[PDB]
Structures are given as C-alpha cells and as structure tokens.
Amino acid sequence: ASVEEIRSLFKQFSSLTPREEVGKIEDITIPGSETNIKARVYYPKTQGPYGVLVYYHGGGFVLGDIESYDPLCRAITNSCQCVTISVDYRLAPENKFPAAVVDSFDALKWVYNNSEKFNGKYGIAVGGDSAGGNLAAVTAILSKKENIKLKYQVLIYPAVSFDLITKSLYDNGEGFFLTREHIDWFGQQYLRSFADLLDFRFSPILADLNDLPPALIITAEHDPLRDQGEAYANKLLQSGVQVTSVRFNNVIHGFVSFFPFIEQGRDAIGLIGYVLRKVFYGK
C-alpha cells in the first residue's frame, strides 16, 4: 500500500474504536512560523478552570493525524479531566525534519501564550506516543530554552535516540508490530541527512536535560524502543528531574492506542489521568 493508502487506513481503523463523549470539541487553526497548524481542542465534562495537555500523535513522523487519534484523545481528556489539544503537525516525507518539531513547538508556544482561551489556569503539559513522544520530549527541551514553564511531560513509549545497540532493539525488533524495517524506513522518510543524527531535536537523549518538567515515561516489555525510553528516564533522574518510569509488561509498542481491547492500555490511560490530575489539580 502507498503512504496515502496507509494514512487512510489509520483513519478507517479508528472508526472501529468507540469515541467517548467529552464536554465540547472544537477545531482551531494555530498560526505557525512555517504553516497554519490544525488542532483539535477537547474539553472534559467537568467545570473549569483546567490544565491543558498539548498532545502529539505517533505514527513514525509519517502517519497518523487528528482523526485517527481522536478516540485516544477523547479517552485521555476524560481520564485527566483536562483540556487536550491534539496537534496536526506536518508529516514526512512531504515535510522533512525539522518540520514536525517546528510545528509541535509553535503549537505549544501559542497554547502557552493563549491558555486563557481554554480557561487553562492550572498550567500546560505536553504528551505524545512513539514519534509523538519524541516531539513532546523535544518540545519540552525547546521550552526551557525560551523560559516556557511546563507542568509535566507524558512520554508514551517515546523514540529518544537513533539506536543500533540496545538489547530491546534486537530482542524485540521482529514479530511485535513495530519492526527494524519500519524504524529504518520512517527514519529515511523523516531525516534530511546523516548529520541530523547529531541533532537533539531528533534524538533528545543528546540534550542537557536539567530543569525539564517532571515526567511520566511508559515503556512496553516487547517494544524495540523499550530500553532507550528507560534510558531517557535515567538521564532525566541524573539531571535532577522527577520521573516515574513504568514498564508495562506483556504488551507491545502501540498498546495504549489499542486500549479498547488491551486492558493494560486502559490502565495506562488511567495512570496518565492520575499524574495529570495530580500535577494540575493536586488531586
């Protein structure tokens, strides 16, 4: 199948996942530095003021979008009882690195500067899964540099480094949905050249991690990205940042997206909701 066919397939598969009712949904356009960035704003059913999670979908920088991630963003919204803003960042191969990062950061800065629009008085967090977790992490690094003060970062099986060495890569690189061949191919679509492998905006493990917001990092036992995610937690800890790093056993990369039929995915969304309700509301 073509990239277009697979992008469509994501949306199609999404229509088989129940969409939880939320308080209110609205589609906005965020004025970006290089583009106008579509976002979907989900309000919870509770009364404000709120904390605001800016969310970046996964899909290897190439696939996924607001629609296919709509069921997950609804479930997250209800779990965290917070405003969630799902960002349609530019995808590769059409828009090479660093387009996704530029959009993800532009969107966060705007949300931060406009949180009053969402009655966002309890502060701003970032979150995302896989490639989205990469973007959340990188967005949190870029924020510190600009004195944007984030409450929290939720990194769901994030990609944090180019990797040819982790045990989990070789143990889990075939037969568990996300394969070596996928990882290589996504990387070729996204990156401009070999030099980009030196860029912290692609590999956030490279960055100086002190003074970043506190983090929840979820990894999956049977995931090739598992070891590198747990390494990112370690480096955060070494840099004096609080992080709860949790390995969900018996599950694969992507498991949180399959929450309707992987119960561990539901429980992960429950934990995400707990930590955000805690940091935002003292709950």
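Numbers for residues come from their place in the sequence shown, where the first is 1.
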### Message
Regarding 114-122 and 149-157, which shows the higher C-alpha temperature factor on average in the entry?
### Response
114-122
### Message
Comparing average C-alpha B factors as deposited, tell me which of 90-98 and 127-135 sits higher.
### Response
90-98
#### Entry: Among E230, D65, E26, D223 - the residue whose C-alpha B-factor is largest in the record
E26
### Task
Rank-wise, by C-alpha B-factor, drop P213 into the lowest, middle or highest third of its chain.
middle
### Query
Among the modelled residues of its chain, does the C-alpha B-factor of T46 lie in the lowest, middle or highest third?
highest
### Query
Which third, lowest, middle or highest, does the CA B-factor of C80 fall in along this chain?
highest
#### Entry: Among modelled residues of the same chain, the CA temperature factor third for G265
lowest
### Summary
Assert third(CA B-factor, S257) within chain per record equals middle
